[PDB]
Amino acid sequence: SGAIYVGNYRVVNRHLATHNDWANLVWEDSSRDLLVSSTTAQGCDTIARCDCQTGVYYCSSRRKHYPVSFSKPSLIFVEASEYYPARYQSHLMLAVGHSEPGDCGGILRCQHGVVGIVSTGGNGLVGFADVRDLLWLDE
Ligand SMILES: C[C@H](C(=O)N1CCC[C@H](C(N)=O)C1)c1cncc(F)c1
Ligand SMILES: [Zn+2]
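Using the entry's author numbering, the first residue of the sequence shown is number 7, and each one after it goes up by one.
Spelled out as structure tokens, the structure:
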């Protein structure tokens with residue numbers, strides 16, 4: 007679990023969105039596993055606007071942060087699950103590192119700010135849903 011709070015927006019994994027998230031929906035994209043809902047209290051996370059390929063992510067299954075090198079956002083195959091059938095997930099970034107079901111929502115950060123959130127894993131790899139392209143999150 008985990009969310010990004012920027013301005014009057016809450017950014018979560020689409021498969022983990024709550025009833026409240028859907029009742030205050032701003033935008034959702036099943037192919038990115040992203041959902042953005044509106045909030046009443048102001049958020050103070052800063053979003054990175056860059057093409058950084060190194061950063062640090064929070065892994066809740068180890069209660070630790072890990073430094074990672076990660077690939078550029080692209081179309082990557084994701085196995086079938088209880089939430090989605092087998093498909094290519096867009097805007098996805100891979101890194102070598104520990105992740106297990108329950109780690110989705112952990113933030114990935116660089117010196118510029120929030121890069122994305124954990125969305126996929128397994129095979130000794132971790133996948134991150136990029137948020138850097140969502141320029142409207144700051145307006
Ligand atoms: C099996 C699961 C996963 O990758 N899912 C299921 C939940 C939806 C994900 C998606 N379609 O974007 C794919 C998982 C395994 N290891 C680490 C994780 F953070 C998650
Ligand atoms: Zn950066």
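C-beta atoms are modelled at their ideal positions from N, C-alpha and C, and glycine is treated no differently.
inquiry  = Run through the DSSP bridge pairs and tell me what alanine 101 is partnered with.
reply    = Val132
query = Does the region 47-66 come within contact of the region 102-121, defined as at least 3 CB pairs closer than 8 Å?
reply = yes
message = Please state whether the Cβ-Cβ distance between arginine 138 and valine 62 is less than 8 Å.
response = no
query = Taking the alpha carbon of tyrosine 64 as the point to measure from, which residue in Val32, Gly128 and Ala9 has its own alpha carbon closest?
reply = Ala9
task = Kindly indicate which residue of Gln48, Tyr90 and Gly112 has the alpha-carbon position closest to the one of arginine 68.
result = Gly112
message = Measuring only the C-alpha atoms, how far is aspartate 136 from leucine 81?
response = 12 Å
query = Secondary structure at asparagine 19, three-state DSSP: helix, strand or coil?
reply = strand
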